[PDB]
């Protein structure tokens, strides 16, 4: 036995928030080696809720040097005497062992590992745990592959694994290729599946779209917007449309009414967080209600798309992180949606990339608004390029259904406003400006005045 509860509450991936833990106990312990245990740990709260975490424990008969305090779980008596329990994901040999189980498509008790057909795993490469802030734990093997081990685990089909598999197996080149994964059952053999981790090809020497965009939007004296990042935005549009096309073919398309009631509920909630919104709520609602009964085509989509979710390798843009929007339940995250909502996500991201500069400057540094003008011009140029690149692949310009597109942009801006009002008041002018602009964009498109 180990004092799991005392250890887990200090971990950055632990989501207990401000809650009292009743118990933290292993639901399932699966030996991998004589000194390596896979553990499904159930944390029970006072309201009776249970949240399950995945832990891999490396046992040692004496203090091992390389483990930090955060990787030290506890101590316990075993058959040969005292043992120390370490978080095995920080052990190179243990991480390699997991990768080997994936490589072999091994089954260990109720744990099912699978290597994607034809995939090669870098079993020789040095494993190093990612230092990047996240809710899971990732081990990078050399420059070749990333093993992501999920911390909080839940029942059902994992959309990140699911959609990456579809895309990779269809030969889509705009993903970091899924190389393998592993899972178990929720309540023993014969019950709901539970995804545990994934292995993906590591995109070495890549840049995040957000970093490239902000660099472009910060270039001094760039009053005449350049063509280089527009070229990149066009290529990114190609990539997003390509991903959408593969997903549409594999997982189908259908039609639904535009979700007026859903976006209205989000508006009502947002207006409680951002009082600034009440002055615009009537106008937003009118635009949404004009779409009542509008049929929209939906399909499986990325679901949380922005410039932080795309990587530029030396050869291509890749889309990563298909888990869906962080706050939604799994069934909702696997629902089809409009591809235009993904497009809207990128357009919002361009807006923030350009205007972050302005909210960080003092008023006196842009008294005549010329940097603001440049930001607007940069967003317009790159948004147009992105949409054109999308159109080149889709064979249909997202701006054609401009009313639906603008409504999704508006819904995102309303959500952003509520967020900034709560967490970052100085950023609130960004979505508020967007709302006024998009209100006009949407009004124009509803009258079919858009180009």
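Positions refer to the first chain, counted from 1.
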| query | finding |
| --- | --- |
| 62-70 set against 42-50, stretch whose average Cα temperature factor tops the other in the entry | 62-70 |
| 328-336 versus 236-244 - which carries the larger mean C-alpha B factor in the record | 328-336 |
| Per the PDB entry, maximal CA B factor within 81, 308, 180, 156 | 81 |
| Residue with highest C-alpha B-factor in the PDB entry, from 116, 208, 276, 285 | 276 |
| Among modelled residues of the same chain, the CA temperature factor third for residue 416 | lowest |
| CA B-factor ranking of residue 385, expressed as a third of its chain | lowest |
| Where the record places residue 431 (Cα B-factor, split into thirds across the chain) | lowest |
| Residue 126 - Cα temperature factor, lowest/middle/highest third of chain | middle |
| Residue 270 CA temperature factor, ranked by third within the chain | middle |
